[PDB]
J.: 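One structure is given below, represented as structure tokens, and several questions about it will come after.
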Amino acid sequence: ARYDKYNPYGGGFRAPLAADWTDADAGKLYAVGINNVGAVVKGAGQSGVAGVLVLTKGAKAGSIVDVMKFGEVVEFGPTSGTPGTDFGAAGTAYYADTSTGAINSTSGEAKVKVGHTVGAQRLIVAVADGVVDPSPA
Amino acid sequence: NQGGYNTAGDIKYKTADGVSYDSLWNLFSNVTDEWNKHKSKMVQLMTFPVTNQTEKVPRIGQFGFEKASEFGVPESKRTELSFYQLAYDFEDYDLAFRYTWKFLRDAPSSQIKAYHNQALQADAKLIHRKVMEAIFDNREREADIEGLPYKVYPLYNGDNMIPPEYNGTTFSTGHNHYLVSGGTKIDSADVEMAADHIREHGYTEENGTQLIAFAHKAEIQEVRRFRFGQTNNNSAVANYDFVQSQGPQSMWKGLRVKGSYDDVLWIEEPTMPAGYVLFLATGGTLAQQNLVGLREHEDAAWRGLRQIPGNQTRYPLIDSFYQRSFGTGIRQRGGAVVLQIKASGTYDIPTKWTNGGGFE
Amino acid sequence: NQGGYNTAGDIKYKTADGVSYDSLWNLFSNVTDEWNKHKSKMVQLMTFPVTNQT
């Protein structure tokens, strides 16, 4: 995954990273939130899911990251796939597990919608306010 | 080879007919034979002088484009550079002439000049062997440059290095350029396969290049049979026609051209062990330099064949040394193919060209 | 003390992180130790050149 189109004015925000992210995560996409200190963590923090994040390289705790709320992500595939080969399905909605921050096409009541795909490799990011269904039958 | 000190008792003065041996030794004083000249000619076509002790072969990906709109902006494009790294080897080789004082007193002066002219022949024979084993010995080697180890390579050899994709033809780990014919005699199907195994990497006639093949005469007696649509060895069929050269061109680079199969020119090569063929690209856009790099020392004081003054000097024993130091590696790992003519199984390194198995 | 012949392999680089091995050895090409200057002073104030062997 990579940021294709990012808008600094309300499309995303600067925040400090809460922990080190290793080069094993380089080019993966995760959903992220804010912890009680005001720093970025994978999954929901206290904020719920705040947005999505890609790092092109590993990064240290307390370094500044740009979290995307609205924009386009290219070379996209699910968080469990290999970056740059294991691309997504076309035309389908994508959902974050609020615990790990892992994104895949499987919907679930407790998950947060992050976007949908326009062709296999391009995700239109537009993160939901909250979970898919806060009142299951 | 003879070896040892030259002694009184190795000296010959006059024939029973009264003819002096110094006049016989005077024949060998300046000549070079057609066999060493032929070996020197194989080196001269097959090699280039190395300028960088290590090379990088870089590549870049592709962009593409999108259709426009009244609103909205394109998807972003980038490319990432990558390379493979190829070093060239280097080693020192030494030779000595030794004399007793009475040998230098009484031996004919023409014999000393013949020994000097034979050192030049031994140098040519050494460079030829070291160029051939760079191709036919399909083992990997290591060289130290600035004190840091580098690999030096034969052709593609079943290794982890992946050939660069040419035109959407795309490759894997374990690619190869030493080939086993799968048959006791050469087929036209082997010649067609081997020339395509070069041409899949580029090195094409559209890329302006010419292919050449070097073969022992025993397999050229098969190629003369290859008339279009006719069966040849192992019940394969010639998908092109053999054309004899005039008298294709009668001669190339000063070598006796037999003819063509496909567009590849065929040349008779008596140095080749009988069960083998070399296919080699030439000219055009890729083969502006030859298959094997020759590396020599950075300092002009240490390049060339050199004489060192010896360390027993005048009486009762004399010696002197010749030295040359150089080495070899392949840059264009896809620019030539070695074909072995055998019925089944693993490729064999020719004993005459095993690295460390001998010299000259 | 280290001893023996100087060999290739006692040489260890042409350059390391851009510095040259010739420049490193050039530092020591003309040094003199202040202890060896002191020792040379002590000899000079404590000896004389012998003209008469007995």
Side-chain angles (χ1 to χ4, degrees), chain B residues 1-40 43 89-133 137 271 294-297 299-328 350-360, chain C residues 4-10:
Chain B
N1 289 337
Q2 299 289 37
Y5 290 87
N6 301 275
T7 61
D10 305 317
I11 306 172
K12 309 296 282 276
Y13 301 90
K14 278 171 178 178
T15 315
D17 309 75
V19 180
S20 62
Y21 274 82
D22 76 332
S23 73
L24 299 176
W25 283 110
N26 195 45
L27 304 177
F28 302 99
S29 68
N30 289 173
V31 298
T32 179
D33 53 283
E34 70 168 356
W35 183 243
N36 287 313
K37 194 178 177 72
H38 179 79
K39 284 188 174 187
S40 305
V43 169
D89 203 357
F90 183 89
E91 183 165 12
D92 289 345
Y93 309 90
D94 320 94
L95 170 73
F97 300 143
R98 305 206 151 102
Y99 318 107
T100 58
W101 70 278
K102 48 177 55 177
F103 183 89
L104 291 185
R105 185 183 65 185
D106 290 307
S109 62
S110 305
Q111 183 167 1
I112 309 305
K113 293 194 294 186
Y115 274 45
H116 175 69
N117 184 43
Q118 288 294 308
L120 276 62
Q121 310 324 293
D123 195 44
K125 291 164 60 179
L126 171 66
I127 295 169
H128 177 272
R129 198 192 197 273
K130 287 286 163 183
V131 175
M132 294 297 103
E133 71 190 53
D137 195 325
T271 65
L294 282 164
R295 177 179 164 206
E296 290 192 307
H297 195 276
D299 186 353
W302 289 96
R303 291 198 288 274
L305 181 70
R306 290 170 285 101
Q307 290 182 249
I308 320 299
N311 66 44
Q312 56 197 10
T313 189
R314 197 175 191 277
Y315 182 97
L317 301 177
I318 303 89
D319 71 7
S320 67
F321 313 114
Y322 290 75
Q323 197 191 66
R324 192 166 194 143
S325 52
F326 77 100
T328 51
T351 301
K352 67 176 290 173
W353 296 322
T354 52
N355 175 30
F359 306 94
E360 65 62 29
Chain C
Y5 287 90
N6 296 269
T7 61
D10 303 319

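Excluded from the calculations below are hydrogen atoms, water molecules and symmetry mates; all remaining heavy atoms, backbone and side chain alike, are included. Below, chains carry the letters A, B, ... as their sequence lines are ordered, and counting in each starts from 1.
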J.: Who are the side chain to side chain contact (heavy atoms under 4.5 Å, CB included) partners of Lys14(B), not counting sequence neighbours?
T.: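 In terms of side chain to side chain contact (heavy atoms under 4.5 Å, CB included), with neighbours along the sequence ignored, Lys14(B) is linked to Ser20(B).
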J.: Tell me the closest heavy-atom pair linking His128(B) and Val43(B), and the distance in Å.
T.: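 Looking at all heavy atoms of both residues, the shortest contact is CA-CG2, 3.6 Å.
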J.: Could you tell me if the side chain of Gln111(B) sits less than 4.5 Å from the side chain of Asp22(B), heavy atoms only?
T.: no
J.: With salt bridge (charged side-chain N to carboxylate O under 4.0 Å, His left out) as the test, pick out the partner of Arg324(B) among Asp92(B), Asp94(B), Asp123(B).
T.: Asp123(B)
J.: Measure from the side-chain N and O atoms of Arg295(B) to the backbone N and O of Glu91(B), and report whether any donor-acceptor pair falls under 3.5 Å.
T.: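 No, the answer is negative, given that no donor and acceptor are paired below the 3.5 Å cut-off.
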J.: Quick check: closest heavy atoms across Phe321(B) and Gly310(B), and the distance to 0.1 Å?
T.: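 Heavy-atom minimum between the residues: CE1-CA, 3.5 Å.
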J.: State the CD-NZ distance between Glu133(B) and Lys352(B), to the nearest 0.5 angstrom.
T.: 12.0 Å
J.: Heavy atoms only: give me the nearest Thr271(B)-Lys39(B) pair and the separation to one decimal.
T.: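 Residues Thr271(B) and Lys39(B), closest heavy atoms: CG2-CG, 4.1 Å.
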J.: Looking at every heavy atom in both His297(B) and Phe90(B), which two are closest together, and how far apart are they?
T.: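 Nearest heavy atoms, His297(B) then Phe90(B): N-CE1, 3.6 Å.
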J.: Spell out, as yes or no, whether a donor-acceptor pair under 3.5 Å connects the side chain of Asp17(B) to the backbone of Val19(B).
T.: no
J.: Can you tell me how far CG of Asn311(B) sits from OG of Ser320(B), rounded to the nearest 0.5 angstrom?
T.: 10.5 Å
J.: May I ask you to check whether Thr7(C) and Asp10(C) show a side-chain donor-acceptor distance below 3.5 Å?
T.: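 Judged by distance alone, the side chains do pair up.
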J.: Could you list all the salt bridge (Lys or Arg N to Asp or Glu O under 4.0 Å) pairs where at least one residue sits in residues 106-116 of chain B, not counting sequence neighbours?
T.: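 Those involving residues 106-116 of chain B do not exist here.
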J.: Could you grab the distance from atom OG of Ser109(B) to atom CG of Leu104(B), nearest 0.5 Å is fine?
T.: 11.5 Å
J.: Mark yes or no for whether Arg303(B), through its side chain, and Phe326(B), through its backbone, hold a donor-acceptor pair below 3.5 Å.
T.: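 Not a single qualifying donor-acceptor pair exists.
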J.: Please tabulate, for side-chain N and O atoms in residues 114-122 of chain B, each donor-acceptor pair with protein atoms closer than 3.5 Å (sequence neighbours left out).
T.:
unit_1	atom_1	unit_2	atom_2	d
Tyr115(B)	OH	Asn6(B)	OD1	3.1
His116(B)	ND1	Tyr322(B)	OH	2.9
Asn117(B)	OD1	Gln121(B)	NE2	3.3
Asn117(B)	ND2	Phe28(B)	O	2.9
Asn117(B)	ND2	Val31(B)	O	2.8
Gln121(B)	OE1	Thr32(B)	OG1	2.7
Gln121(B)	NE2	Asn117(B)	O	3.0

J.: To check you understand the geometry: which heavy-atom pair defines the closest contact between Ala8(B) and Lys102(B), and what is its length?
T.: CB-CD, 3.9 Å
J.: Calculate, to the nearest 0.5 Å, the distance between atoms CG and CG belonging to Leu126(B) and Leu95(B) respectively.
T.: 10.0 Å
J.: With heavy-atom distances below 4.5 Å as the criterion, would you say the side chains of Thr328(B) and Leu294(B) are in contact?
T.: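 Of all side-chain heavy-atom pairs linking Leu294(B) with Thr328(B), at least one is under 4.5 Å.
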J.: Which distance, rounded to the nearest 0.5 Å, do you find between the CG of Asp137(B) and the CE of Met132(B)?
T.: 13.0 Å
J.: Decide if atom CZ of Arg314(B) counts as having more than 12 heavy atoms of other residues, nucleotides or ligands within a radius under 6.0 Å.
T.: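 No, because the 6.0 Å sphere around CZ of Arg314(B) holds 12 heavy atoms or fewer from other groups.
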J.: Taking atom CH2 of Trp35(B) as the centre, does the number of heavy atoms from other residues, nucleotides or ligands within less than 6.0 Å exceed 12?
T.: yes
J.: Under the side chain to side chain contact (heavy atoms under 4.5 Å, CB included) test, which residues partner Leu317(B), sequence neighbours left out?
T.: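 Listed in chain order: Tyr5(B), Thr100(B), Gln312(B).
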J.: Suppose we screen for side chain to side chain contact (heavy atoms under 4.5 Å, CB included). Which residues come up paired with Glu360(B), at least two apart in sequence or across chains?
T.: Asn1(B), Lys125(B)
J.: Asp319(B): what forms a salt bridge (charged side-chain N to carboxylate O under 4.0 Å, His left out) with it, not counting sequence neighbours?
T.: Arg98(B)
J.: Is it the case that atom CG in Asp33(B) sees more than 12 heavy atoms from other parts of the structure closer than 6.0 Å?
T.: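 Yes, enclosed.
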J.: Heavy-atom distance under 4.5 Å between the side chains of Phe103(B) and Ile112(B), does that happen here?
T.: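 Touching, per the 4.5 Å side-chain cut-off.
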